[PDB]
C-alpha cells in the first residue's frame, strides 16, 4: 500500500511473542525478567483481532519475522532484532503458512500488515571477536560488515559505520552502503513484500544506516515505510523524510511525555517541536505518532493518573500523522524499562472494559468517522488554536481536540478557543462525554474542562452514523 493509502490508518504495535498465544491461554506465565520466549504467535494474534479492531485500529505492526539465533544463554531473541538468516522465518512466531494466514485474515478485515525490518545488523550470541560470519545468511562473510567499534555519538559516520554493540550479544554492522549488500537487501524486500502481501514497513535503526541505502530500500519495497529515527531534534530526524516515506515522531514524543507525565509540566516545548517538525519535515501527516514503544518507559510508569493517560492517547490518535499504540498501553501496563515494558498482553485477559480500551475506541472512531465525512480531513494540517502552560487546543478540519495536563485532581477550568472554524451557533458534541455545546462569535468555543479530562468536539449534525453518543 502507498503512503496515500496509509494516511487514514492507525497502528497497534505488538511484540509477537508477548501479545497472544495460539492455544488461547490468558495465564501462561511471562516473567519479563527471564527474557525467554513467552510463546505469543501469529495464530494467537489472528485469534485476538476482534480485540484489536474493537479499539478501532486497522493496522498491526509485528516484530521482525526473520530467523534468529538459537543460543539463549544471554537472553532469548524473542523481540526479533537479533537475526541470522533473512531467507528464513522465526518459527517461534510461526511457519510461512501461519504468517500467510495472518496476512490473509488482516486483509479479510480490511486491515494492513506492517512488518518491522532490520537491515543495519545481524545478532550473535557472543562478543564481536567470537562471531563466525559463515553462520549468517546471506551475508556469510566478514567482508559484508564494518569492522567492530563502539559508536562515537558526536560523529554521524560513526553512528552509521560503527556497531550498536560489540560485547555479547554483538550486533555486526552490515555495509548497507556496499553495492552488493544494498542489492541483496533490495531484492530481498521486494520479494518479501510480494511473498507475504506486506502493506507497509517499519525500518529499524534507520539513523544507523546511510540515507541512500534507506532510499533505495524503501523504493524496492514498493510500499510505505516508516523509519525509526531515534532522535529528538527535528533538525536531525526530519531530513530523513527525504529518504523514507515517514519517520516515527520522536521530536514530538519527548515534549509530549514531558507535558503530560505530571501537572508540573508545561505545553511550550510540545508547541515548539510541533512548529519545528511542521517547518522541517516534508509531510508531518505521514509521520508515526506514538507515546510508547518497547524501548522506552511505559506511560503509566511515569504516572498512575488516568486523565493524564487519556490526554496523551487523545493526542496520540487525533494529532496529524498515523497513530501508533504500543500493545499494553490500553491496559495501563507500567514497565519502566526493557525487559519490564514487554509484559504479555494475554495476562490482562484482553479486557475490553479497561477505561483506556474504551477511550482509544472513541478516539479512533471519531477520527475514522471524520475521514468518512470529509475526503480532505486527513490531509488538512492540524493548527494549534489555543495554548497556555497547561492546555492545548488542536483543530483539524471539523475535529477540535482540547487537552490538559492539570490531571485528575484539577477541579474545573474554562478555556476559550478562538476561530475553531465552527459557525457561530453550530452545535458540537464532545464525543468523549457525549456532552453538547455550541460555537459562538467567529468560531469561538468556550470549553470547560473538569477533572483533567480531554474533550473531542465534532459537529452534532454530522455525527450521525458514527456509533458515538447514540
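Residue numbers count along the first chain shown, from 1.
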| request: Output the stretch having the higher mean C-alpha B factor in the entry; the candidates are 115 to 123 and 371 to 379. | output: 371 to 379
| Which has the higher mean CA temperature factor in the PDB entry, 67 to 75 or 268 to 276? | 67 to 75
| Among 316, 83, 262, 206 - the residue whose C-alpha B-factor is largest in the record | 262
| request: Specify which of 385, 365, 202, 185 carries the largest Cα B factor in the deposited PDB entry. | output: 385
| task | Would you please rank residue 436 by its C-alpha temperature factor against the other modelled residues of its chain and give the third it falls in: lowest, middle or highest? | result | highest
| remark: So, residue 14's CA B-factor, relative to its chain, sits in which third? The middle
| query | Would the CA B-factor of residue 359 place it in the lowest, middle or highest third of its chain? | reply | middle
| said: Ranking every modelled residue in this chain by its Cα temperature factor as given in the entry, which third contains residue 51? | reply: middle
| query | Mind checking which third residue 96 falls in for C-alpha B-factor across the chain? | reply | highest
